[PDB]
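Listed in order, the protein sequences are those of chains A and A'. A prime marks a further copy of an entry chain. Those letters in the first sequence? Residues 1 to 100, 106 to 111, per PDB author numbering, in order. Those letters in the second sequence? Residues 1 to 100, 106 to 111, per PDB author numbering, in order. Report on one structure; see the data block that follows.
Number of protein chains: 2
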Amino acid sequence: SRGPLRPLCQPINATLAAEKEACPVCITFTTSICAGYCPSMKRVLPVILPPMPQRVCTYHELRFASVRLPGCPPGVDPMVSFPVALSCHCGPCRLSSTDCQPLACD
Amino acid sequence: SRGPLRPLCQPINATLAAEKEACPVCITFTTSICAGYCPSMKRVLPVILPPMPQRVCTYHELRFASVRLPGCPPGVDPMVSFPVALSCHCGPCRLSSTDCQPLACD
Ligand SMILES: *[C@@H]1O[C@H](CO[C@H]2O[C@@H](C)[C@@H](O)[C@@H](O)[C@@H]2O)[C@@H](O[C@@H]2O[C@H](CO)[C@@H](O[C@@H]3O[C@H](CO)[C@@H](O)[C@H](O)[C@@H]3O)[C@H](O)[C@H]2NC(C)=O)[C@H](O)[C@H]1NC(C)=O
Ligand SMILES: *[C@@H]1O[C@H](CO[C@H]2O[C@@H](C)[C@@H](O)[C@@H](O)[C@@H]2O)[C@@H](O[C@@H]2O[C@H](CO)[C@@H](O[C@@H]3O[C@H](CO)[C@@H](O)[C@H](O)[C@@H]3O)[C@H](O)[C@H]2NC(C)=O)[C@H](O)[C@H]1NC(C)=O
């Protein structure tokens, strides 16, 4: 459709903020993630669409880490993990997490 | 010297606990790290020692992530990073960090 840059997919050092309903203080953190624009590349002759099955950029290589939402009541699970992406590409509509200074989250 | 297993070097999902002098609550977390026994392999004929220059297992591949020691005074830096190891080996005495349920740190 429009111009592709719009960065394009790549591991990118961003920030998110982990917190769970009824845990006291939430926690922010930094982890490289893979986000970028993958084109649903139409080719020379159309009509073969759909062009590309929601090819969102998903993790080629992934390591997890997690922290520990401090103060959680003695009945809830404080261990909160997240991706630590190493490289990435674009394949089918893949679910993973969200499916197809610093900060604050309270 | 003695038997080598004693696991041997490998990325290993362990836990550490980040906290800084005069920040209020400390934070624990989980991150794969590379720890293992590397032998200072003496060979068939000695006298060529030292055997191997303090070949501690250090990170072949490494990604950083960091969290945010919550509540830090408005004059201190809450961003605390750590390794997110992908693979590893053994080379010279390499400095990096420490040079040659969950938890609590307060
Ligand atoms: C280090 O941990 C990762 C997983 O991260 C976990 O870390 C713990 C502390 C906690 O925070 C938890 O929430 C995190 O997920 C281990 O990675 C495992 O990798 C295998 C395959 O290599 C996965 O198995 C497969 O999972 C898929 C789902 O996509 C299934 O469809 C398959 O059938 C199969 O089960 C497994 O899910 C991962 N583990 C977890 C808990 O997700 C890694 O192996 C571990 N290292 C060590 C040495 O323990
Ligand atoms: C994503 O971040 C890493 C570094 O992690 C940092 O993350 C920030 C948020 C913060 O927590 C900070 O404390 C963490 O360190 C970037 O990795 C950089 O990699 C380059 C080389 O590939 C490093 O440069 C070299 O560093 C060596 C030291 O061993 C020097 O001897 C060299 O001369 C050279 O300077 C650099 O140190 C790394 N950056 C930092 C801050 O350590 C990674 O590039 C980044 N990604 C993006 C897209 O920004």
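C-beta atoms are modelled at their ideal positions from N, C-alpha and C, and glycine is treated no differently.
Next on the checklist: So that I know if they touch, is there some Cβ in chain A' lying closer than 8 Å to that of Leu-62 (chain A)?
Outcome noted: If you number the first sequence from 1, residue 62 (chain A) lands on position 62. By this cut-off, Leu-62 (chain A) is not an interface position.
Next on the checklist: Let me make sure I understand the geometry here. Which of A':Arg-55, A':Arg-63, A':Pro-24 has the alpha-carbon closest to that of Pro-74 (chain A')?
Outcome noted: In the second sequence, counting from the first residue as 1, residue 74 (chain A') sits at position 74. Among A':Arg-55, A':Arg-63, A':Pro-24, the Cα nearest to that of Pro-74 (chain A') belongs to A':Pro-24.
Next on the checklist: With a threshold of 8 Å between beta-carbons, can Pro-107 (chain A) be considered close to chain A', or not?
Outcome noted: Counting from 1 along the first sequence, the entry for residue 107 (chain A) is found at position 102. Interface residue, yes.
Checklist entry - Assuming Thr-58 (chain A') contacts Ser-96 (chain A') under a Cβ cut-off of 8 Å, what Cβ separation, rounded to an integer in Å, is found between them? => result Position 58 of the second sequence, counted from the start, is the residue given in the question as residue 58 (chain A'). Position 96 of the second sequence, counted from the start, is the residue given in the question as residue 96 (chain A'). Right, the Cβ-Cβ distance comes to about 6 Å (below 8 Å), so this counts as a contact.
Checklist entry - In chain order, what residues of the stretch 19-46 of chain A put their CB closer than 7 Å to some CB of chain A'? => result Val-25, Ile-27, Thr-28, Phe-29, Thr-30, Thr-31, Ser-32
Checklist entry - What separation, rounded to the nearest whole angstrom, lies between the Cα atoms of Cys-90 (chain A) and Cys-34 (chain A)? => result In the first sequence, the residue the question calls residue 90 (chain A) occupies position 90. In the first sequence, the residue the question calls residue 34 (chain A) occupies position 34. For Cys-90 (chain A) and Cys-34 (chain A), the distance between alpha carbons rounds to 10 Å.
Item to check | Simplified DSSP state of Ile-12 (chain A'), which is helix, strand or coil | outcome: The residue given as residue 12 (chain A') occupies position 12 in the second sequence. Looking at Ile-12 (chain A') - three-state DSSP - the assignment turns out to be strand.
Checklist entry - Ends of the beta strand (DSSP E) at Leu-62 (chain A')? => result The count along the second sequence starts at 1 and reaches residue 62 (chain A') at position 62. From DSSP, the beta strand (DSSP E) with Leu-62 (chain A') extends over 57-68.
Item to check | Contact test: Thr-31 (chain A) Cβ vs ligand 1 heavy atom, cutoff 7 Å | outcome: The residue labelled residue 31 (chain A) in the question sits at position 31 within the first sequence. For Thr-31 (chain A), the CB stays at least 7 Å from every heavy atom of ligand 1.
Item to check | Where the beta strand (DSSP E) containing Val-80 (chain A) begins and where it ends | outcome: As a first step, residue 80 (chain A) must be located in the first sequence, where it is residue number 80. 79-90 is the span of the beta strand (DSSP E), which, as asked, contains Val-80 (chain A).
Checklist entry - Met-52 (chain A) to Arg-43 (chain A), Cα distance in whole Å? => result On the first sequence, residue 52 (chain A) is found 52 positions in, with the first residue counted as 1. On the first sequence, residue 43 (chain A) is found 43 positions in, with the first residue counted as 1. Taking the straight line joining both Cα atoms gives about 11 Å.
Checklist entry - Does the beta carbon of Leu-8 (chain A') sit closer than 8 Å to a beta carbon anywhere in chain A? => result Taking the second sequence and counting its residues from 1, the one referred to as residue 8 (chain A') is at position 8. By this cut-off, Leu-8 (chain A') is not an interface position.
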